[PDB]
>>> print(open('run.txt').read())   # compact mmCIF, C-alpha atoms
# COMPACT_ATOMS: atom_id res chain seq x y z
CA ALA T 22 211.79 190.49 -49.50
CA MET T 23 209.01 189.72 -47.05
CA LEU T 24 205.80 191.59 -47.98
CA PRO T 25 205.42 194.52 -45.49
CA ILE T 26 202.29 195.35 -43.57
CA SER T 27 200.12 197.87 -45.38
CA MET T 28 196.99 199.44 -43.91
CA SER T 29 194.23 201.59 -45.33
CA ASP T 30 192.11 203.80 -42.95
CA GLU T 31 188.40 202.87 -43.17
CA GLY T 32 186.98 205.11 -40.47
CA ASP T 33 186.65 203.08 -37.29
CA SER T 34 188.99 200.33 -38.58
CA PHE T 35 191.94 199.59 -40.82
CA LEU T 36 192.03 197.09 -43.70
CA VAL T 37 195.39 195.44 -43.07
CA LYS T 38 197.48 193.23 -45.34
CA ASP T 39 200.63 191.44 -44.43
CA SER T 40 202.57 188.41 -45.67
CA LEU T 41 200.13 185.92 -44.03
CA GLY T 42 196.85 187.55 -45.14
CA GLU T 43 194.25 190.33 -44.75
CA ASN T 44 192.39 191.43 -41.61
CA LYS T 45 190.01 194.18 -40.65
CA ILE T 46 191.46 195.48 -37.42
CA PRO T 47 189.48 197.97 -35.18
CA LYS T 48 191.06 201.27 -34.39
CA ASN T 49 192.37 201.35 -30.77
CA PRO T 50 192.11 197.63 -30.06
CA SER T 51 191.46 197.11 -26.34
CA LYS T 52 191.95 193.43 -25.85
CA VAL T 53 195.23 192.36 -27.49
CA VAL T 54 196.85 188.96 -27.15
CA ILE T 55 200.58 189.14 -28.03
CA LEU T 56 202.67 186.12 -28.80
CA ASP T 57 205.83 188.00 -30.03
CA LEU T 58 208.04 189.17 -27.14
CA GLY T 59 209.64 192.00 -29.03
CA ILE T 60 206.42 193.61 -30.10
CA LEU T 61 205.18 193.19 -26.39
CA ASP T 62 208.14 195.32 -25.45
CA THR T 63 207.10 197.84 -28.03
CA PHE T 64 203.58 197.95 -26.47
CA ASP T 65 205.35 198.94 -23.20
CA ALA T 66 207.40 201.53 -24.89
CA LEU T 67 204.39 203.11 -26.49
CA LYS T 68 202.37 203.13 -23.17
CA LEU T 69 200.00 200.52 -24.36
CA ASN T 70 200.28 198.05 -21.46
CA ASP T 71 196.57 198.36 -20.66
CA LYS T 72 195.61 197.12 -24.13
CA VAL T 73 197.27 193.79 -23.48
CA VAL T 74 195.13 190.87 -22.18
CA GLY T 75 197.28 187.87 -22.91
CA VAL T 76 201.03 186.98 -23.12
CA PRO T 77 203.18 183.92 -23.16
CA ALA T 78 203.80 184.09 -19.53
CA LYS T 79 205.75 180.69 -19.39
CA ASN T 80 209.05 181.74 -20.85
CA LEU T 81 208.85 185.48 -19.97
CA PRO T 82 212.24 187.05 -19.88
CA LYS T 83 213.67 189.37 -17.20
CA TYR T 84 213.00 192.54 -19.12
CA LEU T 85 209.26 191.83 -19.58
CA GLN T 86 208.32 191.11 -15.92
CA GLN T 87 205.73 193.92 -15.93
CA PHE T 88 203.65 191.49 -17.87
CA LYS T 89 204.09 188.51 -15.58
CA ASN T 90 200.60 188.76 -14.12
CA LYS T 91 198.77 189.03 -17.43
CA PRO T 92 196.70 186.00 -18.39
CA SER T 93 198.99 183.39 -19.92
CA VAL T 94 198.39 182.12 -23.45
CA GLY T 95 201.41 179.86 -23.59
CA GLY T 96 205.22 179.81 -23.83
CA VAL T 97 208.17 180.20 -26.26
CA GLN T 98 206.74 177.20 -28.30
CA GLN T 99 203.22 176.17 -27.17
CA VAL T 100 200.00 178.16 -27.59
CA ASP T 101 196.98 177.74 -25.40
CA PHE T 102 193.98 178.18 -27.73
CA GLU T 103 191.32 177.63 -24.96
CA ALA T 104 192.88 180.54 -23.10
CA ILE T 105 193.01 182.87 -26.06
CA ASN T 106 189.36 182.15 -26.87
CA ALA T 107 188.28 182.79 -23.22
CA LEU T 108 189.96 186.16 -23.26
CA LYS T 109 187.75 187.21 -26.25
CA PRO T 110 190.40 189.34 -27.78
CA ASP T 111 190.00 191.89 -30.53
CA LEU T 112 193.50 191.38 -31.97
CA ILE T 113 196.19 188.75 -31.81
CA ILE T 114 199.80 189.66 -32.82
CA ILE T 115 202.30 187.09 -33.87
CA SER T 116 205.78 186.79 -35.47
CA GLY T 117 207.59 183.93 -37.29
CA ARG T 118 207.51 181.40 -34.53
CA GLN T 119 203.73 181.43 -34.60
CA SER T 120 202.98 181.61 -38.34
CA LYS T 121 202.20 177.81 -38.00
CA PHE T 122 199.22 178.70 -35.82
CA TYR T 123 197.84 181.45 -38.21
CA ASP T 124 194.62 179.87 -39.41
CA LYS T 125 193.52 178.66 -35.91
CA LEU T 126 194.31 182.14 -34.37
CA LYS T 127 192.51 183.98 -37.10
CA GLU T 128 189.33 181.89 -36.39
CA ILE T 129 189.40 183.64 -32.95
CA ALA T 130 190.28 187.27 -33.80
CA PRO T 131 192.12 189.37 -36.45
CA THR T 132 195.71 188.22 -36.48
CA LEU T 133 198.51 190.62 -37.36
CA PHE T 134 201.93 189.34 -38.39
CA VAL T 135 204.96 191.34 -37.36
CA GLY T 136 207.64 189.33 -39.10
CA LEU T 137 211.32 190.09 -38.98
CA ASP T 138 212.87 189.75 -42.47
CA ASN T 139 216.42 188.44 -42.00
CA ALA T 140 217.38 190.14 -45.31
CA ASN T 141 215.87 193.46 -44.44
CA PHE T 142 215.82 193.64 -40.59
CA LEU T 143 215.59 197.41 -40.08
CA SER T 144 212.89 197.95 -42.67
CA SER T 145 210.78 195.14 -41.12
CA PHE T 146 211.30 196.53 -37.50
CA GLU T 147 210.31 199.94 -38.56
CA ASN T 148 207.29 198.69 -40.46
CA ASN T 149 206.21 196.51 -37.47
CA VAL T 150 206.53 199.33 -34.94
CA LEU T 151 204.85 201.96 -37.08
CA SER T 152 202.09 199.67 -37.98
CA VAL T 153 201.16 198.94 -34.34
CA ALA T 154 201.49 202.66 -33.66
CA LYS T 155 199.06 203.53 -36.47
CA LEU T 156 196.37 201.36 -34.84
CA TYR T 157 196.50 203.72 -31.84
CA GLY T 158 197.31 206.99 -33.49
CA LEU T 159 200.84 207.02 -32.01
CA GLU T 160 202.91 207.56 -35.14
CA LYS T 161 204.60 210.56 -33.68
CA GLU T 162 205.80 208.79 -30.56
CA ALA T 163 206.89 205.71 -32.54
CA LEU T 164 208.84 207.77 -35.12
CA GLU T 165 210.74 209.46 -32.20
CA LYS T 166 211.66 206.13 -30.72
CA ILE T 167 212.65 204.70 -34.11
CA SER T 168 214.95 207.80 -34.51
CA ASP T 169 216.57 207.04 -31.09
CA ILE T 170 217.35 203.46 -32.31
CA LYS T 171 218.75 204.73 -35.60
CA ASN T 172 220.98 207.05 -33.69
CA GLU T 173 222.15 204.21 -31.47
CA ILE T 174 223.02 202.16 -34.58
CA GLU T 175 225.07 205.01 -36.01
CA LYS T 176 227.00 205.44 -32.77
CA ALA T 177 227.65 201.69 -32.73
CA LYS T 178 228.76 201.48 -36.40
CA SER T 179 231.07 204.41 -35.95
CA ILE T 180 233.35 202.39 -33.57
CA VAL T 181 233.54 199.18 -35.51
CA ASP T 182 236.96 198.13 -36.68
CA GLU T 183 236.83 197.62 -40.50
CA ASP T 184 239.72 195.06 -40.26
CA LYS T 185 238.34 192.75 -37.60
CA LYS T 186 236.05 189.78 -38.26
CA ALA T 187 233.49 187.96 -36.18
CA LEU T 188 231.93 184.53 -36.00
CA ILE T 189 228.42 183.95 -34.52
CA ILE T 190 227.84 180.60 -32.90
CA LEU T 191 224.92 178.83 -31.21
CA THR T 192 225.90 176.25 -28.64
CA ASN T 193 224.31 173.20 -27.37
CA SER T 194 225.47 170.58 -24.90
CA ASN T 195 227.73 168.87 -27.40
CA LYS T 196 227.33 170.88 -30.63
CA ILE T 197 228.29 174.21 -32.16
CA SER T 198 226.50 175.78 -35.12
CA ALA T 199 227.65 178.80 -37.06
CA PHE T 200 225.50 181.60 -38.39
CA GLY T 201 226.25 184.45 -40.72
CA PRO T 202 224.87 187.40 -42.51
CA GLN T 203 221.16 187.44 -43.16
CA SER T 204 220.48 184.86 -40.47
CA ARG T 205 218.23 185.44 -37.49
CA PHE T 206 221.36 186.65 -35.57
CA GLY T 207 222.50 188.64 -38.51
CA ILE T 208 222.15 192.16 -37.24
CA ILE T 209 225.67 191.88 -35.89
CA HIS T 210 226.83 191.79 -39.60
CA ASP T 211 223.94 193.39 -41.36
CA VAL T 212 222.98 196.33 -39.17
CA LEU T 213 226.10 197.00 -37.16
CA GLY T 214 228.54 196.25 -40.04
CA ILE T 215 230.89 193.95 -38.20
CA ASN T 216 232.58 191.77 -40.84
CA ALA T 217 232.00 188.06 -40.87
CA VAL T 218 234.78 185.40 -41.03
CA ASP T 219 232.58 183.58 -43.52
CA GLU T 220 230.00 185.63 -45.49
CA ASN T 221 228.97 182.23 -47.30
CA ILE T 222 227.30 180.21 -44.58
CA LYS T 223 224.17 178.90 -46.32
CA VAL T 224 220.78 180.47 -45.40
CA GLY T 225 218.62 178.42 -42.83
CA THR T 226 217.67 178.14 -39.23
CA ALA T 227 219.90 175.26 -38.30
CA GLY T 228 223.06 177.10 -39.23
CA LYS T 229 226.28 175.30 -40.20
CA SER T 230 227.45 172.46 -37.92
CA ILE T 231 231.11 173.16 -36.90
CA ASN T 232 233.96 172.18 -34.54
CA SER T 233 236.76 173.88 -32.73
CA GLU T 234 239.15 173.17 -35.64
CA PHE T 235 236.87 175.33 -37.83
CA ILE T 236 237.01 178.11 -35.33
CA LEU T 237 240.79 178.05 -35.18
CA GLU T 238 240.90 177.88 -39.08
CA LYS T 239 238.77 181.05 -39.29
CA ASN T 240 240.65 182.72 -36.43
CA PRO T 241 238.02 185.27 -35.61
CA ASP T 242 238.77 188.48 -33.83
CA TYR T 243 235.37 188.21 -32.05
CA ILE T 244 233.25 185.21 -31.33
CA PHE T 245 229.53 186.01 -30.41
CA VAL T 246 228.02 183.17 -28.57
CA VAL T 247 224.30 182.46 -28.11
CA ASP T 248 224.22 179.65 -25.54
CA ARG T 249 221.03 177.60 -25.88
CA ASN T 250 222.32 175.60 -22.82
CA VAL T 251 221.03 178.63 -20.90
CA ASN T 255 221.97 171.87 -18.97
CA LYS T 256 225.17 171.78 -16.82
CA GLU T 257 227.28 172.18 -19.95
CA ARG T 258 227.94 175.77 -20.96
CA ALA T 259 229.48 177.36 -24.01
CA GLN T 260 232.50 178.28 -21.89
CA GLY T 261 233.13 174.58 -21.43
CA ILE T 262 232.57 173.70 -25.17
CA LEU T 263 235.06 176.39 -26.05
CA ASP T 264 237.55 175.42 -23.25
CA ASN T 265 240.12 173.77 -25.43
CA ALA T 266 243.56 174.51 -26.84
CA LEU T 267 242.23 175.13 -30.46
CA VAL T 268 239.89 177.89 -29.43
CA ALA T 269 242.49 179.18 -26.94
CA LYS T 270 244.81 179.96 -29.82
CA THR T 271 242.38 182.30 -31.56
CA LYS T 272 242.66 186.08 -31.58
CA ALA T 273 239.17 186.17 -29.94
CA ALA T 274 240.32 183.98 -27.03
CA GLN T 275 243.59 185.68 -26.53
CA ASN T 276 241.99 189.14 -26.50
CA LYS T 277 239.01 188.05 -24.26
CA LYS T 278 236.61 188.75 -27.16
CA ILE T 279 234.63 185.63 -26.82
CA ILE T 280 231.21 187.41 -26.00
CA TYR T 281 228.41 185.56 -24.35
CA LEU T 282 225.29 187.24 -25.60
CA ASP T 283 222.07 187.13 -23.51
CA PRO T 284 219.96 184.48 -25.05
CA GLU T 285 216.77 186.04 -23.68
CA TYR T 286 217.26 188.70 -26.34
CA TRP T 287 219.05 186.85 -29.21
CA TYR T 288 217.57 183.42 -29.03
CA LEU T 289 214.03 184.70 -28.27
CA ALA T 290 214.59 187.23 -31.16
CA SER T 291 213.16 190.34 -29.49
CA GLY T 292 214.12 192.62 -32.31
CA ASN T 293 210.66 194.11 -32.58
CA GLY T 294 211.12 195.83 -29.17
CA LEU T 295 211.87 199.48 -29.08
CA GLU T 296 213.79 198.97 -25.94
CA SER T 297 214.94 195.36 -26.38
CA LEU T 298 216.55 196.18 -29.84
CA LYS T 299 218.33 199.05 -28.22
CA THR T 300 219.63 196.76 -25.51
CA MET T 301 220.99 194.33 -28.19
CA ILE T 302 222.69 197.17 -30.12
CA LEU T 303 224.39 198.33 -27.01
CA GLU T 304 225.39 194.84 -25.99
CA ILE T 305 227.36 194.51 -29.35
CA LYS T 306 228.75 198.02 -29.12
CA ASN T 307 230.05 197.52 -25.70
CA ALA T 308 231.62 194.22 -26.61
CA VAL T 309 233.62 195.65 -29.50
CA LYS T 310 234.39 199.33 -28.57
>>> encode(input="run.txt", output="structure tokens")
Amino acid sequence: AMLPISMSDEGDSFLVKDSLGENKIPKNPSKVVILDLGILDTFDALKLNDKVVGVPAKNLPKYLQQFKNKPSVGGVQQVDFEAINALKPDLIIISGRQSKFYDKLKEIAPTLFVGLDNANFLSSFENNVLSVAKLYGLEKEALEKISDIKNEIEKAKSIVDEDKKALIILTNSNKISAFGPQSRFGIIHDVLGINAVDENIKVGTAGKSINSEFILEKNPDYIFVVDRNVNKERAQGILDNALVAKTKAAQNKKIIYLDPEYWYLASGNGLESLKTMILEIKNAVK
């Protein structure tokens, strides 16, 4: 299990420990640079927009356009360190995609990691939300919102068919990769309890390289597609063949194209963006 964030209250600051290291973080930080999209959504949800001074305003998705005029500190993959320094922030918040930049960010300002543990997604989301809330004294508000998401999960689980199985795939122009439980797409299996056609896909970010023959072999009842092409080529075209057509998922129009701006960008730290993803699965399978 990923080490959670722990915090001790030291008057006008917190001593904070997470999996990447220790930071003294001021109470009520007023100049926050956020590189994790999900936790930026959580700042919205907690009414903290005015604390934010920098975002990755290159890739910003549709649901985060209230931040489109904030100073940009980069994109989905690149970080602009000159920019972050010029903002003179009091806190930087990052998740897994940015752990590679930890030491250089921490030379600028305290750097808080809000990682999502693929083996323990809900506990890490809750810990990430509540920890940001504690910086601002908003535990009450955050616990209410976390309750709302737990309720949503229970409504979603309650309609899942125990006998049906799903496959998760990531598509490229000319390649399909499969993902399973405890992957970065895993909440479909792990949180919502939809069974997988293959619970033994090996752990790792590249997933398992597959073909349409594999898909027909597994004969999923649902196929969840995350289309990285979102190129001319789309997942609909990769899957437009007589092997896939034969599957229960094809025949029942349960090939589901999930919005990559949520799944691929892994916005699970968002109080609203997680909800959106929960409902997107629910609605696909009810």
>>> atom_distance(input="run.txt", atom1="atom CA of residue 281 of chain T", atom2="atom CA of residue 197 of chain T")
13.8 Å
>>> closest_residue(input="run.txt", among="T:284, T:50, T:96, T:294", to="residue 259 of chain T", atoms="only C-alpha atoms")
T:284
>>> residues_near_point(input="run.txt", point="(229.2, 172.7, -26.4)", cutoff="10 Å", atoms="all atoms listed in the file", output="JSON, numbers by chain")
{"T": [191, 192, 193, 194, 195, 196, 197, 198, 232, 233, 248, 249, 250, 257, 258, 259, 260, 261, 262, 263, 264]}
>>> closest_residue(input="run.txt", among="T:39, T:52, T:213, T:94", to="residue 182 of chain T", atoms="only C-alpha atoms")
T:213
>>> closest_residue(input="run.txt", among="T:234, T:57, T:62, T:31", to="residue 95 of chain T", atoms="only C-alpha atoms")
T:57
>>> closest_residue(input="run.txt", among="T:119, T:40, T:300, T:221", to="residue 204 of chain T", atoms="all atoms listed in the file")
T:221
>>> decode(input="run.txt", residues="segment 128-218 of chain T", atoms="C-alpha atoms", output="PDB file, in the first residue's frame")
ATOM      1  CA  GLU T 128      13.333  23.550  -4.242  1.00  0.00           C
ATOM      2  CA  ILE T 129      10.609  26.138  -5.107  1.00  0.00           C
ATOM      3  CA  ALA T 130       7.902  25.512  -2.475  1.00  0.00           C
ATOM      4  CA  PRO T 131       6.481  22.725  -0.236  1.00  0.00           C
ATOM      5  CA  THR T 132       5.272  19.978  -2.515  1.00  0.00           C
ATOM      6  CA  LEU T 133       2.345  17.773  -1.518  1.00  0.00           C
ATOM      7  CA  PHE T 134       1.752  14.440  -3.223  1.00  0.00           C
ATOM      8  CA  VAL T 135      -1.824  13.326  -3.729  1.00  0.00           C
ATOM      9  CA  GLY T 136      -1.193   9.904  -5.202  1.00  0.00           C
ATOM     10  CA  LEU T 137      -3.869   7.499  -6.302  1.00  0.00           C
ATOM     11  CA  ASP T 138      -3.043   3.948  -5.116  1.00  0.00           C
ATOM     12  CA  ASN T 139      -4.329   1.554  -7.790  1.00  0.00           C
ATOM     13  CA  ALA T 140      -4.688  -1.134  -5.067  1.00  0.00           C
ATOM     14  CA  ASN T 141      -6.544   1.062  -2.665  1.00  0.00           C
ATOM     15  CA  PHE T 142      -8.259   3.782  -4.794  1.00  0.00           C
ATOM     16  CA  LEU T 143     -11.012   4.893  -2.401  1.00  0.00           C
ATOM     17  CA  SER T 144      -8.773   5.110   0.632  1.00  0.00           C
ATOM     18  CA  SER T 145      -6.238   7.215  -1.333  1.00  0.00           C
ATOM     19  CA  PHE T 146      -9.042   9.562  -2.737  1.00  0.00           C
ATOM     20  CA  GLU T 147     -10.447  10.086   0.654  1.00  0.00           C
ATOM     21  CA  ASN T 148      -7.044  10.714   2.182  1.00  0.00           C
ATOM     22  CA  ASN T 149      -6.146  13.184  -0.636  1.00  0.00           C
ATOM     23  CA  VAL T 150      -9.387  15.155  -0.321  1.00  0.00           C
ATOM     24  CA  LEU T 151      -9.395  15.285   3.454  1.00  0.00           C
ATOM     25  CA  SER T 152      -5.822  16.258   3.574  1.00  0.00           C
ATOM     26  CA  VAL T 153      -6.311  19.298   1.306  1.00  0.00           C
ATOM     27  CA  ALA T 154      -9.418  20.133   3.327  1.00  0.00           C
ATOM     28  CA  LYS T 155      -7.474  20.056   6.603  1.00  0.00           C
ATOM     29  CA  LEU T 156      -5.099  22.735   5.282  1.00  0.00           C
ATOM     30  CA  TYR T 157      -8.100  25.087   5.075  1.00  0.00           C
ATOM     31  CA  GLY T 158     -10.186  23.902   7.962  1.00  0.00           C
ATOM     32  CA  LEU T 159     -12.832  22.428   5.621  1.00  0.00           C
ATOM     33  CA  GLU T 160     -13.072  18.886   6.975  1.00  0.00           C
ATOM     34  CA  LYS T 161     -16.770  19.179   7.466  1.00  0.00           C
ATOM     35  CA  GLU T 162     -17.508  20.189   3.897  1.00  0.00           C
ATOM     36  CA  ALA T 163     -15.117  17.567   2.495  1.00  0.00           C
ATOM     37  CA  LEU T 164     -16.601  14.739   4.617  1.00  0.00           C
ATOM     38  CA  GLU T 165     -20.101  15.671   3.261  1.00  0.00           C
ATOM     39  CA  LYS T 166     -18.888  15.508  -0.303  1.00  0.00           C
ATOM     40  CA  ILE T 167     -17.012  12.247   0.315  1.00  0.00           C
ATOM     41  CA  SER T 168     -20.345  10.832   1.713  1.00  0.00           C
ATOM     42  CA  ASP T 169     -22.161  11.921  -1.508  1.00  0.00           C
ATOM     43  CA  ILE T 170     -19.560   9.958  -3.587  1.00  0.00           C
ATOM     44  CA  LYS T 171     -19.876   6.908  -1.349  1.00  0.00           C
ATOM     45  CA  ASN T 172     -23.580   7.015  -1.816  1.00  0.00           C
ATOM     46  CA  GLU T 173     -23.172   7.260  -5.577  1.00  0.00           C
ATOM     47  CA  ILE T 174     -20.908   4.178  -5.509  1.00  0.00           C
ATOM     48  CA  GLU T 175     -23.481   2.191  -3.565  1.00  0.00           C
ATOM     49  CA  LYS T 176     -26.250   3.120  -5.993  1.00  0.00           C
ATOM     50  CA  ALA T 177     -23.981   2.089  -8.874  1.00  0.00           C
ATOM     51  CA  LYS T 178     -22.919  -1.254  -7.308  1.00  0.00           C
ATOM     52  CA  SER T 179     -26.501  -2.108  -6.533  1.00  0.00           C
ATOM     53  CA  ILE T 180     -27.359  -2.409 -10.283  1.00  0.00           C
ATOM     54  CA  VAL T 181     -24.383  -4.391 -11.425  1.00  0.00           C
ATOM     55  CA  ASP T 182     -25.089  -7.786 -12.895  1.00  0.00           C
ATOM     56  CA  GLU T 183     -23.041 -10.400 -10.930  1.00  0.00           C
ATOM     57  CA  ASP T 184     -22.976 -12.691 -14.040  1.00  0.00           C
ATOM     58  CA  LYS T 185     -21.677 -10.260 -16.627  1.00  0.00           C
ATOM     59  CA  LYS T 186     -17.999  -9.565 -17.319  1.00  0.00           C
ATOM     60  CA  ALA T 187     -16.122  -6.607 -18.730  1.00  0.00           C
ATOM     61  CA  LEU T 188     -12.892  -5.933 -20.540  1.00  0.00           C
ATOM     62  CA  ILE T 189     -11.103  -2.518 -20.340  1.00  0.00           C
ATOM     63  CA  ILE T 190      -9.090  -1.527 -23.364  1.00  0.00           C
ATOM     64  CA  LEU T 191      -6.888   1.413 -24.351  1.00  0.00           C
ATOM     65  CA  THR T 192      -6.691   2.078 -28.065  1.00  0.00           C
ATOM     66  CA  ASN T 193      -4.164   3.593 -30.251  1.00  0.00           C
ATOM     67  CA  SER T 194      -4.009   4.044 -33.997  1.00  0.00           C
ATOM     68  CA  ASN T 195      -3.033   0.454 -34.639  1.00  0.00           C
ATOM     69  CA  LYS T 196      -2.874  -1.160 -31.182  1.00  0.00           C
ATOM     70  CA  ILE T 197      -5.134  -2.356 -28.386  1.00  0.00           C
ATOM     71  CA  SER T 198      -3.975  -2.880 -24.801  1.00  0.00           C
ATOM     72  CA  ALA T 199      -5.959  -4.542 -22.058  1.00  0.00           C
ATOM     73  CA  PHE T 200      -6.160  -3.491 -18.437  1.00  0.00           C
ATOM     74  CA  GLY T 201      -7.624  -5.163 -15.420  1.00  0.00           C
ATOM     75  CA  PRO T 202      -8.176  -4.954 -11.748  1.00  0.00           C
ATOM     76  CA  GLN T 203      -5.822  -2.763  -9.778  1.00  0.00           C
ATOM     77  CA  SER T 204      -4.744  -0.843 -12.867  1.00  0.00           C
ATOM     78  CA  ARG T 205      -5.130   2.893 -13.285  1.00  0.00           C
ATOM     79  CA  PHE T 206      -8.561   2.191 -14.900  1.00  0.00           C
ATOM     80  CA  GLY T 207      -9.394  -0.321 -12.268  1.00  0.00           C
ATOM     81  CA  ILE T 208     -12.220   1.359 -10.451  1.00  0.00           C
ATOM     82  CA  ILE T 209     -14.577  -0.248 -12.922  1.00  0.00           C
ATOM     83  CA  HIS T 210     -13.618  -3.635 -11.273  1.00  0.00           C
ATOM     84  CA  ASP T 211     -12.378  -2.540  -7.919  1.00  0.00           C
ATOM     85  CA  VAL T 212     -14.826   0.112  -6.788  1.00  0.00           C
ATOM     86  CA  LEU T 213     -17.920  -0.602  -8.824  1.00  0.00           C
ATOM     87  CA  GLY T 214     -17.565  -4.438  -8.658  1.00  0.00           C
ATOM     88  CA  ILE T 215     -18.037  -5.205 -12.321  1.00  0.00           C
ATOM     89  CA  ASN T 216     -16.350  -8.565 -12.962  1.00  0.00           C
ATOM     90  CA  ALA T 217     -13.384  -8.766 -15.261  1.00  0.00           C
ATOM     91  CA  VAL T 218     -13.011 -11.268 -18.156  1.00  0.00           C
TER      92      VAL T 218
END
